[PDB]
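Asker: The structure follows.
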2 protein chains.
Amino acid sequence: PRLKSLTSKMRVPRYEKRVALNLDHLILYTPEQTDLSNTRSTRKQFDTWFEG
Amino acid sequence: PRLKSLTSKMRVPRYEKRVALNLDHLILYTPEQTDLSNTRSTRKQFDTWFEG
């Protein structure tokens with residue numbers, strides 16, 4: 001006996017009724033936390049400084 | 001011996017005397033609490049964002 005975390009009967013928004021929006025294939029998405037923030041800048045900027 | 005929750009001899013408002021206003025067929029109405037609030041917005045808005 002085993003199972004998964006995410007579910008489908010959960011209370012979730014619905015455009016129309018049958019639709020479930022937060023598609024439950026997102027099991028694999030956990031990049032670095034700080035890497036996503038705004039407090040760190042972007043890779044493009046980091047490049048253009050390094051080139052200028 | 002059995003019975004129901006709601007009653008008729010209860011103190012209730014009355015337009016005129018014979019009338020009972022909170023019609024006692026409301027046994028079946030318990031949608032989700034948050035679904036009724038104002039703190040969550042409406043399904044129409046949720047659609048028009050999703051379409052815009």
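Residue numbering restarts at 1 in every chain; chains get A, B, ... in the order shown in the structure tokens, and ligands count up from 1 in that same order.
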Just need the residues of chain A within 9 Å of chain B, counting only C-alpha atoms, so spit them out as a count of residues only.
Answerer: 4
Asker: After a least-squares superposition on chain A using every in-order C-alpha pair, I'd like chain B written out as a PDB file with N, CA, C and O atoms, in the first residue's frame.
Answerer:
```
ATOM      1  N   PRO B   1       0.804  -1.224   0.000  1.00  0.00           N
ATOM      2  CA  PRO B   1      -0.002   0.000   0.001  1.00  0.00           C
ATOM      3  C   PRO B   1       0.835   1.272   0.000  1.00  0.00           C
ATOM      4  O   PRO B   1       1.620   1.491   0.916  1.00  0.00           O
ATOM      5  N   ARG B   2       0.654   2.096  -1.029  1.00  0.00           N
ATOM      6  CA  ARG B   2       1.369   3.357  -1.160  1.00  0.00           C
ATOM      7  C   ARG B   2       0.514   4.313  -1.974  1.00  0.00           C
ATOM      8  O   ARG B   2      -0.548   3.949  -2.481  1.00  0.00           O
ATOM      9  N   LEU B   3       0.982   5.548  -2.090  1.00  0.00           N
ATOM     10  CA  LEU B   3       0.176   6.617  -2.669  1.00  0.00           C
ATOM     11  C   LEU B   3       1.068   7.830  -2.896  1.00  0.00           C
ATOM     12  O   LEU B   3       2.293   7.764  -2.726  1.00  0.00           O
ATOM     13  N   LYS B   4       0.440   8.950  -3.257  1.00  0.00           N
ATOM     14  CA  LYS B   4       1.115  10.198  -3.581  1.00  0.00           C
ATOM     15  C   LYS B   4       0.570  11.323  -2.716  1.00  0.00           C
ATOM     16  O   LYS B   4      -0.474  11.199  -2.071  1.00  0.00           O
ATOM     17  N   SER B   5       1.281  12.450  -2.732  1.00  0.00           N
ATOM     18  CA  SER B   5       0.880  13.599  -1.927  1.00  0.00           C
ATOM     19  C   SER B   5      -0.349  14.278  -2.512  1.00  0.00           C
ATOM     20  O   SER B   5      -1.384  14.409  -1.849  1.00  0.00           O
ATOM     21  N   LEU B   6      -0.247  14.726  -3.753  1.00  0.00           N
ATOM     22  CA  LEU B   6      -1.266  15.576  -4.330  1.00  0.00           C
ATOM     23  C   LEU B   6      -2.510  14.769  -4.671  1.00  0.00           C
ATOM     24  O   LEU B   6      -2.474  13.543  -4.805  1.00  0.00           O
ATOM     25  N   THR B   7      -3.624  15.482  -4.808  1.00  0.00           N
ATOM     26  CA  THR B   7      -4.939  14.875  -4.899  1.00  0.00           C
ATOM     27  C   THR B   7      -5.727  15.542  -6.015  1.00  0.00           C
ATOM     28  O   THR B   7      -5.227  16.425  -6.714  1.00  0.00           O
ATOM     29  N   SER B   8      -6.979  15.101  -6.169  1.00  0.00           N
ATOM     30  CA  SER B   8      -7.887  15.622  -7.185  1.00  0.00           C
ATOM     31  C   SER B   8      -9.229  16.063  -6.621  1.00  0.00           C
ATOM     32  O   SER B   8      -9.815  17.024  -7.126  1.00  0.00           O
ATOM     33  N   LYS B   9      -9.726  15.392  -5.577  1.00  0.00           N
ATOM     34  CA  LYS B   9     -10.964  15.807  -4.932  1.00  0.00           C
ATOM     35  C   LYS B   9     -10.814  17.092  -4.134  1.00  0.00           C
ATOM     36  O   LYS B   9     -11.811  17.583  -3.593  1.00  0.00           O
ATOM     37  N   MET B  10      -9.598  17.620  -4.025  1.00  0.00           N
ATOM     38  CA  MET B  10      -9.351  18.839  -3.279  1.00  0.00           C
ATOM     39  C   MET B  10     -10.202  19.980  -3.808  1.00  0.00           C
ATOM     40  O   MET B  10     -10.585  20.015  -4.980  1.00  0.00           O
ATOM     41  N   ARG B  11     -10.507  20.909  -2.916  1.00  0.00           N
ATOM     42  CA  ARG B  11     -11.128  22.161  -3.310  1.00  0.00           C
ATOM     43  C   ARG B  11     -10.135  22.984  -4.110  1.00  0.00           C
ATOM     44  O   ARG B  11      -9.053  23.314  -3.618  1.00  0.00           O
ATOM     45  N   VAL B  12     -10.495  23.300  -5.349  1.00  0.00           N
ATOM     46  CA  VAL B  12      -9.586  23.925  -6.302  1.00  0.00           C
ATOM     47  C   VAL B  12     -10.417  24.863  -7.164  1.00  0.00           C
ATOM     48  O   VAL B  12     -11.619  24.617  -7.347  1.00  0.00           O
ATOM     49  N   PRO B  13      -9.852  25.933  -7.722  1.00  0.00           N
ATOM     50  CA  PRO B  13     -10.634  26.755  -8.645  1.00  0.00           C
ATOM     51  C   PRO B  13     -10.998  25.980  -9.895  1.00  0.00           C
ATOM     52  O   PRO B  13     -10.464  24.902 -10.163  1.00  0.00           O
ATOM     53  N   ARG B  14     -11.949  26.526 -10.650  1.00  0.00           N
ATOM     54  CA  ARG B  14     -12.520  25.858 -11.813  1.00  0.00           C
ATOM     55  C   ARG B  14     -13.011  26.909 -12.795  1.00  0.00           C
ATOM     56  O   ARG B  14     -13.931  27.670 -12.481  1.00  0.00           O
ATOM     57  N   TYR B  15     -12.401  26.953 -13.982  1.00  0.00           N
ATOM     58  CA  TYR B  15     -12.918  27.806 -15.046  1.00  0.00           C
ATOM     59  C   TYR B  15     -14.344  27.413 -15.377  1.00  0.00           C
ATOM     60  O   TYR B  15     -15.283  28.195 -15.191  1.00  0.00           O
ATOM     61  N   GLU B  16     -14.510  26.210 -15.900  1.00  0.00           N
ATOM     62  CA  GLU B  16     -15.773  25.511 -15.867  1.00  0.00           C
ATOM     63  C   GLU B  16     -15.551  24.253 -15.049  1.00  0.00           C
ATOM     64  O   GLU B  16     -14.451  23.997 -14.552  1.00  0.00           O
ATOM     65  N   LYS B  17     -16.602  23.453 -14.941  1.00  0.00           N
ATOM     66  CA  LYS B  17     -16.687  22.488 -13.855  1.00  0.00           C
ATOM     67  C   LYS B  17     -15.669  21.368 -14.018  1.00  0.00           C
ATOM     68  O   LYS B  17     -14.927  21.053 -13.082  1.00  0.00           O
ATOM     69  N   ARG B  18     -15.618  20.756 -15.198  1.00  0.00           N
ATOM     70  CA  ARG B  18     -14.771  19.582 -15.369  1.00  0.00           C
ATOM     71  C   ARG B  18     -13.298  19.947 -15.281  1.00  0.00           C
ATOM     72  O   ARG B  18     -12.457  19.098 -14.974  1.00  0.00           O
ATOM     73  N   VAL B  19     -12.965  21.206 -15.546  1.00  0.00           N
ATOM     74  CA  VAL B  19     -11.567  21.583 -15.647  1.00  0.00           C
ATOM     75  C   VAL B  19     -10.936  21.624 -14.266  1.00  0.00           C
ATOM     76  O   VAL B  19     -11.515  22.161 -13.312  1.00  0.00           O
ATOM     77  N   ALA B  20      -9.749  21.044 -14.160  1.00  0.00           N
ATOM     78  CA  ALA B  20      -8.865  21.208 -13.022  1.00  0.00           C
ATOM     79  C   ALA B  20      -7.603  21.898 -13.514  1.00  0.00           C
ATOM     80  O   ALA B  20      -6.965  21.434 -14.463  1.00  0.00           O
ATOM     81  N   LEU B  21      -7.252  23.006 -12.872  1.00  0.00           N
ATOM     82  CA  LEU B  21      -6.298  23.942 -13.443  1.00  0.00           C
ATOM     83  C   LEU B  21      -4.870  23.680 -13.021  1.00  0.00           C
ATOM     84  O   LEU B  21      -3.980  23.621 -13.874  1.00  0.00           O
ATOM     85  N   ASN B  22      -4.626  23.538 -11.725  1.00  0.00           N
ATOM     86  CA  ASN B  22      -3.284  23.225 -11.248  1.00  0.00           C
ATOM     87  C   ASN B  22      -3.026  21.778 -11.625  1.00  0.00           C
ATOM     88  O   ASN B  22      -3.271  20.849 -10.856  1.00  0.00           O
ATOM     89  N   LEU B  23      -2.538  21.604 -12.847  1.00  0.00           N
ATOM     90  CA  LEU B  23      -2.312  20.280 -13.396  1.00  0.00           C
ATOM     91  C   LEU B  23      -1.320  19.525 -12.535  1.00  0.00           C
ATOM     92  O   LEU B  23      -0.251  20.039 -12.197  1.00  0.00           O
ATOM     93  N   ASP B  24      -1.679  18.302 -12.179  1.00  0.00           N
ATOM     94  CA  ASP B  24      -0.961  17.565 -11.148  1.00  0.00           C
ATOM     95  C   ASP B  24       0.132  16.694 -11.766  1.00  0.00           C
ATOM     96  O   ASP B  24       0.231  15.490 -11.532  1.00  0.00           O
ATOM     97  N   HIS B  25       0.957  17.347 -12.584  1.00  0.00           N
ATOM     98  CA  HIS B  25       2.237  16.811 -13.025  1.00  0.00           C
ATOM     99  C   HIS B  25       3.395  17.634 -12.480  1.00  0.00           C
ATOM    100  O   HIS B  25       4.517  17.516 -12.980  1.00  0.00           O
ATOM    101  N   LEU B  26       3.145  18.466 -11.472  1.00  0.00           N
ATOM    102  CA  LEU B  26       4.138  19.371 -10.925  1.00  0.00           C
ATOM    103  C   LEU B  26       4.902  18.750  -9.783  1.00  0.00           C
ATOM    104  O   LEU B  26       5.375  19.462  -8.892  1.00  0.00           O
ATOM    105  N   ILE B  27       5.021  17.427  -9.790  1.00  0.00           N
ATOM    106  CA  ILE B  27       5.733  16.729  -8.739  1.00  0.00           C
ATOM    107  C   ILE B  27       7.179  17.172  -8.690  1.00  0.00           C
ATOM    108  O   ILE B  27       7.795  17.199  -7.618  1.00  0.00           O
ATOM    109  N   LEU B  28       7.741  17.538  -9.837  1.00  0.00           N
ATOM    110  CA  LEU B  28       9.174  17.767  -9.981  1.00  0.00           C
ATOM    111  C   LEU B  28       9.381  19.222 -10.348  1.00  0.00           C
ATOM    112  O   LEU B  28       9.533  19.574 -11.518  1.00  0.00           O
ATOM    113  N   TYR B  29       9.379  20.075  -9.333  1.00  0.00           N
ATOM    114  CA  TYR B  29       9.770  21.461  -9.528  1.00  0.00           C
ATOM    115  C   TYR B  29      10.139  22.017  -8.154  1.00  0.00           C
ATOM    116  O   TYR B  29       9.257  22.437  -7.401  1.00  0.00           O
ATOM    117  N   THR B  30      11.433  22.025  -7.850  1.00  0.00           N
ATOM    118  CA  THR B  30      11.950  22.625  -6.619  1.00  0.00           C
ATOM    119  C   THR B  30      13.332  23.183  -6.895  1.00  0.00           C
ATOM    120  O   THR B  30      14.342  22.668  -6.404  1.00  0.00           O
ATOM    121  N   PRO B  31      13.415  24.229  -7.677  1.00  0.00           N
ATOM    122  CA  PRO B  31      14.696  24.916  -7.825  1.00  0.00           C
ATOM    123  C   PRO B  31      15.105  25.599  -6.538  1.00  0.00           C
ATOM    124  O   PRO B  31      14.365  25.575  -5.549  1.00  0.00           O
ATOM    125  N   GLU B  32      16.286  26.204  -6.539  1.00  0.00           N
ATOM    126  CA  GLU B  32      16.751  26.928  -5.368  1.00  0.00           C
ATOM    127  C   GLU B  32      15.815  28.079  -5.048  1.00  0.00           C
ATOM    128  O   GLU B  32      15.287  28.753  -5.937  1.00  0.00           O
ATOM    129  N   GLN B  33      15.621  28.310  -3.756  1.00  0.00           N
ATOM    130  CA  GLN B  33      14.660  29.311  -3.328  1.00  0.00           C
ATOM    131  C   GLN B  33      15.135  30.705  -3.685  1.00  0.00           C
ATOM    132  O   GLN B  33      14.419  31.467  -4.343  1.00  0.00           O
ATOM    133  N   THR B  34      16.354  31.042  -3.275  1.00  0.00           N
ATOM    134  CA  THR B  34      16.880  32.371  -3.546  1.00  0.00           C
ATOM    135  C   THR B  34      17.034  32.611  -5.034  1.00  0.00           C
ATOM    136  O   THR B  34      16.957  33.756  -5.494  1.00  0.00           O
ATOM    137  N   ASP B  35      17.256  31.548  -5.803  1.00  0.00           N
ATOM    138  CA  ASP B  35      17.422  31.689  -7.238  1.00  0.00           C
ATOM    139  C   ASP B  35      16.175  32.231  -7.912  1.00  0.00           C
ATOM    140  O   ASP B  35      16.269  32.795  -9.007  1.00  0.00           O
ATOM    141  N   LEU B  36      15.015  32.076  -7.288  1.00  0.00           N
ATOM    142  CA  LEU B  36      13.765  32.527  -7.868  1.00  0.00           C
ATOM    143  C   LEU B  36      13.396  33.942  -7.473  1.00  0.00           C
ATOM    144  O   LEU B  36      12.592  34.572  -8.163  1.00  0.00           O
ATOM    145  N   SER B  37      13.971  34.457  -6.393  1.00  0.00           N
ATOM    146  CA  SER B  37      13.510  35.699  -5.786  1.00  0.00           C
ATOM    147  C   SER B  37      13.673  36.902  -6.697  1.00  0.00           C
ATOM    148  O   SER B  37      14.167  36.790  -7.822  1.00  0.00           O
ATOM    149  N   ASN B  38      13.246  38.054  -6.200  1.00  0.00           N
ATOM    150  CA  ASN B  38      13.601  39.329  -6.788  1.00  0.00           C
ATOM    151  C   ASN B  38      14.825  39.943  -6.129  1.00  0.00           C
ATOM    152  O   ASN B  38      15.482  40.793  -6.735  1.00  0.00           O
ATOM    153  N   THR B  39      15.149  39.531  -4.904  1.00  0.00           N
ATOM    154  CA  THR B  39      16.282  40.123  -4.204  1.00  0.00           C
ATOM    155  C   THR B  39      17.609  39.785  -4.856  1.00  0.00           C
ATOM    156  O   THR B  39      18.582  40.514  -4.648  1.00  0.00           O
ATOM    157  N   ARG B  40      17.677  38.692  -5.601  1.00  0.00           N
ATOM    158  CA  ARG B  40      18.781  38.433  -6.506  1.00  0.00           C
ATOM    159  C   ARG B  40      18.351  38.767  -7.918  1.00  0.00           C
ATOM    160  O   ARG B  40      17.201  38.544  -8.300  1.00  0.00           O
ATOM    161  N   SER B  41      19.286  39.305  -8.683  1.00  0.00           N
ATOM    162  CA  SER B  41      18.995  39.705 -10.039  1.00  0.00           C
ATOM    163  C   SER B  41      19.155  38.517 -10.975  1.00  0.00           C
ATOM    164  O   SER B  41      19.349  37.374 -10.552  1.00  0.00           O
ATOM    165  N   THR B  42      19.076  38.804 -12.261  1.00  0.00           N
ATOM    166  CA  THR B  42      18.935  37.784 -13.279  1.00  0.00           C
ATOM    167  C   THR B  42      20.260  37.469 -13.941  1.00  0.00           C
ATOM    168  O   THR B  42      21.241  38.206 -13.845  1.00  0.00           O
ATOM    169  N   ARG B  43      20.241  36.357 -14.659  1.00  0.00           N
ATOM    170  CA  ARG B  43      21.435  35.847 -15.299  1.00  0.00           C
ATOM    171  C   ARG B  43      21.852  36.725 -16.463  1.00  0.00           C
ATOM    172  O   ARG B  43      23.051  36.912 -16.707  1.00  0.00           O
ATOM    173  N   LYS B  44      20.878  37.297 -17.160  1.00  0.00           N
ATOM    174  CA  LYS B  44      21.181  38.187 -18.270  1.00  0.00           C
ATOM    175  C   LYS B  44      21.949  39.402 -17.788  1.00  0.00           C
ATOM    176  O   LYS B  44      22.982  39.770 -18.360  1.00  0.00           O
ATOM    177  N   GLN B  45      21.452  40.039 -16.731  1.00  0.00           N
ATOM    178  CA  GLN B  45      22.134  41.194 -16.173  1.00  0.00           C
ATOM    179  C   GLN B  45      23.543  40.824 -15.768  1.00  0.00           C
ATOM    180  O   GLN B  45      24.516  41.519 -16.090  1.00  0.00           O
ATOM    181  N   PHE B  46      23.665  39.676 -15.108  1.00  0.00           N
ATOM    182  CA  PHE B  46      24.947  39.178 -14.658  1.00  0.00           C
ATOM    183  C   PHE B  46      25.894  38.996 -15.822  1.00  0.00           C
ATOM    184  O   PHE B  46      27.108  39.154 -15.673  1.00  0.00           O
ATOM    185  N   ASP B  47      25.349  38.683 -16.992  1.00  0.00           N
ATOM    186  CA  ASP B  47      26.178  38.550 -18.178  1.00  0.00           C
ATOM    187  C   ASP B  47      26.596  39.915 -18.696  1.00  0.00           C
ATOM    188  O   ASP B  47      27.774  40.152 -18.982  1.00  0.00           O
ATOM    189  N   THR B  48      25.646  40.838 -18.797  1.00  0.00           N
ATOM    190  CA  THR B  48      25.927  42.091 -19.475  1.00  0.00           C
ATOM    191  C   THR B  48      26.871  42.959 -18.672  1.00  0.00           C
ATOM    192  O   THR B  48      27.606  43.766 -19.244  1.00  0.00           O
ATOM    193  N   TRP B  49      26.855  42.824 -17.353  1.00  0.00           N
ATOM    194  CA  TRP B  49      27.872  43.481 -16.546  1.00  0.00           C
ATOM    195  C   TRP B  49      29.242  42.911 -16.881  1.00  0.00           C
ATOM    196  O   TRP B  49      30.184  43.634 -17.240  1.00  0.00           O
ATOM    197  N   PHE B  50      29.324  41.584 -16.834  1.00  0.00           N
ATOM    198  CA  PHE B  50      30.538  40.829 -17.104  1.00  0.00           C
ATOM    199  C   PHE B  50      31.092  41.080 -18.495  1.00  0.00           C
ATOM    200  O   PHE B  50      32.280  40.838 -18.728  1.00  0.00           O
ATOM    201  N   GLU B  51      30.266  41.563 -19.412  1.00  0.00           N
ATOM    202  CA  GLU B  51      30.682  41.874 -20.769  1.00  0.00           C
ATOM    203  C   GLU B  51      30.977  43.348 -20.960  1.00  0.00           C
ATOM    204  O   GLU B  51      31.895  43.707 -21.703  1.00  0.00           O
ATOM    205  N   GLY B  52      30.212  44.212 -20.310  1.00  0.00           N
ATOM    206  CA  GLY B  52      30.475  45.630 -20.412  1.00  0.00           C
ATOM    207  C   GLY B  52      31.820  45.986 -19.830  1.00  0.00           C
ATOM    208  O   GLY B  52      32.526  46.848 -20.356  1.00  0.00           O
TER     209      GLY B  52
END
```
Asker: Which of chain B counts as alpha helix (DSSP H) under DSSP, as a compact mmCIF listing (two decimals) with N, CA, C and O atoms, in the first residue's frame please?
Answerer:
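Written file, result36.txt:
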```
# COMPACT_ATOMS: atom_id res chain seq x y z
N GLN B 33 -18.47 27.34 2.97
CA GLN B 33 -18.56 28.61 3.67
C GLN B 33 -17.79 29.69 2.93
O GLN B 33 -18.34 30.75 2.60
N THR B 34 -16.52 29.42 2.64
CA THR B 34 -15.70 30.41 1.96
C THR B 34 -16.22 30.71 0.57
O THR B 34 -16.02 31.81 0.05
N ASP B 35 -16.88 29.73 -0.05
CA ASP B 35 -17.41 29.93 -1.39
C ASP B 35 -18.47 31.02 -1.43
O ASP B 35 -18.70 31.59 -2.50
N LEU B 36 -19.10 31.33 -0.31
CA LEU B 36 -20.14 32.33 -0.26
C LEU B 36 -19.63 33.72 0.06
O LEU B 36 -20.32 34.70 -0.24
N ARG B 43 -17.01 33.61 -9.82
CA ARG B 43 -16.64 32.70 -10.88
C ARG B 43 -16.53 33.42 -12.21
O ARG B 43 -15.67 33.09 -13.03
N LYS B 44 -17.38 34.43 -12.41
CA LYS B 44 -17.32 35.20 -13.64
C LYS B 44 -15.99 35.91 -13.78
O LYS B 44 -15.34 35.84 -14.82
N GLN B 45 -15.57 36.59 -12.71
CA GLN B 45 -14.29 37.27 -12.73
C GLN B 45 -13.18 36.29 -13.02
O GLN B 45 -12.31 36.52 -13.87
N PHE B 46 -13.24 35.14 -12.34
CA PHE B 46 -12.25 34.10 -12.51
C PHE B 46 -12.19 33.64 -13.95
O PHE B 46 -11.13 33.24 -14.44
N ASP B 47 -13.32 33.71 -14.65
CA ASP B 47 -13.34 33.35 -16.05
C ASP B 47 -12.71 34.44 -16.90
O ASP B 47 -11.86 34.17 -17.75
N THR B 48 -13.09 35.69 -16.65
CA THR B 48 -12.68 36.75 -17.55
C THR B 48 -11.20 37.04 -17.44
O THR B 48 -10.59 37.50 -18.41
N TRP B 49 -10.61 36.80 -16.28
CA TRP B 49 -9.16 36.87 -16.17
C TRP B 49 -8.53 35.79 -17.05
O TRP B 49 -7.69 36.07 -17.92
N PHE B 50 -9.01 34.56 -16.86
CA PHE B 50 -8.54 33.39 -17.58
C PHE B 50 -8.71 33.51 -19.08
O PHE B 50 -8.03 32.80 -19.83
N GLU B 51 -9.59 34.39 -19.54
CA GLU B 51 -9.82 34.62 -20.95
C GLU B 51 -9.07 35.83 -21.47
O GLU B 51 -8.59 35.83 -22.61
```
